[PDB]
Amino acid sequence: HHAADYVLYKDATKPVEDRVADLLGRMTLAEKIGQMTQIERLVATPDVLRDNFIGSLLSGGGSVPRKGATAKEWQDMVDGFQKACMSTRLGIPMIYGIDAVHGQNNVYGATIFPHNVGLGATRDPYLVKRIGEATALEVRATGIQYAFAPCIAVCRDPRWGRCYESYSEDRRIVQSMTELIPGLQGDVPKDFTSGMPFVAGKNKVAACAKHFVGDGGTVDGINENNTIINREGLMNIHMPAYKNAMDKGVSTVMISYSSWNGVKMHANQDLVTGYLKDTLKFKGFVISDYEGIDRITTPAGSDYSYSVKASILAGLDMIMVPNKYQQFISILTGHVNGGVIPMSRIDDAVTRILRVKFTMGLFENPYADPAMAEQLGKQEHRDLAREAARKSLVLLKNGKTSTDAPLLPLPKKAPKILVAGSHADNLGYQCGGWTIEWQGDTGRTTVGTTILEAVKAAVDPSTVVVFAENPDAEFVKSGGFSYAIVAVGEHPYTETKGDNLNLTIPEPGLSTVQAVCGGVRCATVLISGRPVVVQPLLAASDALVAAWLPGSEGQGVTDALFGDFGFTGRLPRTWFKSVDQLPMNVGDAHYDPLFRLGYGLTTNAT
């Protein structure tokens, strides 16, 4: 269609499938393998990206251009990588991915939303959708076009260090929370064919249903381990939300490190190709986890050549290498030149990657929009996060005995009150893993409001607020307090670091609760990524609130504690009596919960 030098793949008015076929037909083998290669920004340089025809970059947890970097620093980093990719012969823009799993959580100043488990407590899919919307804007504020979210694992055992990333042990709740997808990506068209990728354009991002499949069903919740269960159980529990993701046009799927009945997911052709691609009709791209193909073997990386062959023949399209890109490209190249991996497999992988890039508009807007910088940490997104945090809270107890005055809601006006505990004034603890650092961190890591600051922000100006992290019972008994708010719980963790057979909160925790509650009527705010052993906290406490990992906006906690809103959350998981009951999920014959899934007390606004 006219102009000197016309190249159909560069024509924005053409259909995606023609632009894909047109571009695919021009590419060398090296250009093709390039597209299949995702590398860490930590190893990337303009020359590396140009010379290896690289298709994708990522930031892993904690991989930032620097500490405290502004939105525009992120945009400059991404645009600098992108300019190297656009200067290739074919000018194929790279796509940059990051774990924005509760907001754009690696970035200083980004709104941090509650983690998934707390979101499942809300039973509010429209809320999760609005969060996907906000998170897409804060990701695009940093120039990034691709979020590795949602995690739609169905965590069947909270001893797993990723239970907090699962909305529920019940797949129906997880299915309903796949509304994150159209939030991140935009709503699919009226027509839409299930399994096609969709992103609306430059204010949205490609999403990633992960980790396929059965990540939440491992033996003893051991991370990355073996999910021992029949096809019918896999399809009834772990698969269904992937079908909802197909219907919402999810752009990519990431494969799990985990195994199904002893078969590595990264080497499972029947599931990845037979099921995901040929039965669900997924037409987006399939991406490995981080060094996921290495972990196919034991030890990991001990036959990288087999890892490439296995993963690529299984049906994976893009490999999150992410460091050893030279080996990866050299080996896949040798497999193809040797006729061990057919060119049809390479072409299918590249078709899929290009299909997502054209569809999302990446060829038309390869570069960041500087005007989006101000979306980062935007007050309206914080207000949404605050609404979420509040809705995620589950009131487990409100009065020590059924005859006591309900402690909650607390009055805003009182002569003097006490805020206490390891988690009452620690932003990093309230956000948990995947915040600033991969494992999360302690202290004031970003912009946010702690529980202490929120209480000071909410109380009547005549109310005196005292903070004491770990006071003794005498300090409390002597202080003239009307009541105390005490926050304790788990420390931030992520992945295998959080696998935990005992599920008891660290000390001091319990002993601060007991010291405070023994001296004044107390409301205990428990911060955790999962149910933990809770009977001793309960026995000590007048009221107790499971606040999960509510994120950066601690005013969500106080909004409920002080009665601006009534408590509405309900447990999205079973609260066990003991870890030796585990696993124990709603619907088991088995079933003897301390609090059943769905449990939750309410209050009225004041």
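Residue indices: 1-based, along the sequence shown.
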| Residue stretch of maximal mean CA temperature factor, 53 to 61 vs 575 to 583 | 575 to 583
| remark: Assert higher mean C-alpha B factor (505 to 513 or 451 to 459, deposited values) equals 505 to 513
| query | Looking at 495, 490, 387, 270, which has the highest CA B-factor as recorded? | reply | 270
| field | Top residue by Cα temperature factor, when 141, 100, 340, 128 are compared in the entry | value | 340
| note | For residue 40, the third of its chain by CA B-factor is the lowest
| field | Modelled-residue ranking by C-alpha temperature factor, third containing residue 296 | value | highest
| task | Rank-wise, by C-alpha B-factor, drop residue 472 into the lowest, middle or highest third of its chain. | result | highest
| query | Split the chain's modelled residues into thirds by Cα B-factor; is residue 375 in the lowest, middle or highest one? | reply | middle
| Lowest, middle or highest third - CA B-factor, residue 27 | middle
